[PDB]
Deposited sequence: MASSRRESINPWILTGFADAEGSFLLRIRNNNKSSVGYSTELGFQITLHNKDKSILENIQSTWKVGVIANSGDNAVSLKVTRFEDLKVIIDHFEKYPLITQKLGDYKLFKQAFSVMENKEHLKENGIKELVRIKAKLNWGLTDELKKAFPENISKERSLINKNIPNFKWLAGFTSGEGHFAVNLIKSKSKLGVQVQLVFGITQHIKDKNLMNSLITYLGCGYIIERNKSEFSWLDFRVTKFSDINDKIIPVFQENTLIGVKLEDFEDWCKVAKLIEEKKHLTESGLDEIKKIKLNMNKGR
């Protein structure tokens, strides 16, 4: 079952990653051997996504990552041409576009067989230093000798894939002063590191609702785009993901979510039996699925 190209690119902005290995290999003619690719690592439950992606691109290999994870690794050099073609027609918009750029650059040096010369390896070290977490220091100990991205969401099918990765569909039960002492608050969320604060704010306007609650943890910091007004969730957010279908386990979470939303539309969230069903759906979704 193939994945829509834009949805895939959305799920890549969220879950994907590029890799450029520059390993010390004594059996190599320049002392170093390289490996270039693109990978996604999900929980074992979303293995069906990696397989669907594999059927869509016709490339990559799947192996386990520990007991609870599985990966899709596309390293076969000729298969890297599929990655580039796709991402050229359906580009990324996260700061990962800066990583994809460096990916193409490393691709060129190897397509010219330049990674087999002392300069090519030196050129790859230059490419890797600004890629993801940069060189491993020791590579700088052996080779001592940014540019932010700011695009906007291209369309909803992208948000679908991205929300399929970073998204959260929360039924928030609040201890309130109402008759039942429990207020039902549906919450839609998208979490992202503060490196893309622009894009996150872009969500407010692009969807016509929501806000950003600053998030932080000791040394780290990120953002959380949330939507709490039921009218926006019932009228603006739910329809977006009804036409632009989600993928993975998070779809079932989204469906259960809407079930509660129908009950909130019918005012059954105020009755006792309603609060039972809602509390029922909640316990069976997300980490309780």
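According to the record, the deposited residues with no C-alpha atom in the structure span 1-6, 152-156.
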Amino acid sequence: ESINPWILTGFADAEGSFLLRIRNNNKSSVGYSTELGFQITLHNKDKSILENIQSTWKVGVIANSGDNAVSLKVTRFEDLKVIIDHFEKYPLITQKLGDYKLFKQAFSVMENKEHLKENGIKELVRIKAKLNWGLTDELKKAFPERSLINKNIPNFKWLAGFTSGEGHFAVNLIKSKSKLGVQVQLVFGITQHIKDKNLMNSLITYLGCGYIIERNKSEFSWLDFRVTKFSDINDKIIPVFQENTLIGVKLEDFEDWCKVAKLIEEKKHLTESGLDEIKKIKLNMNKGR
From here on, numbers count along this sequence of modelled residues.
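Stretches compared: 24-32, 254-262. Higher mean C-alpha B-factor in the entry: 24-32. Looking at 99-107 and 133-141 together, the entry lists the larger mean B-factor for 133-141, computed on C-alpha atoms.
The deposited CA B-factor of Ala160 belongs to the lowest third of values across its chain.
Per the PDB record, residue ranking by Cα B-factor puts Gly120 in the highest third of the chain. For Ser55, the recorded CA B-factor ranks within the middle third of the chain. Only modelled residues enter the ranking. Split the chain's modelled residues into thirds by C-alpha temperature factor. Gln242 is in the lowest one.
For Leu180, the recorded CA temperature factor ranks within the highest third of the chain's modelled residues.
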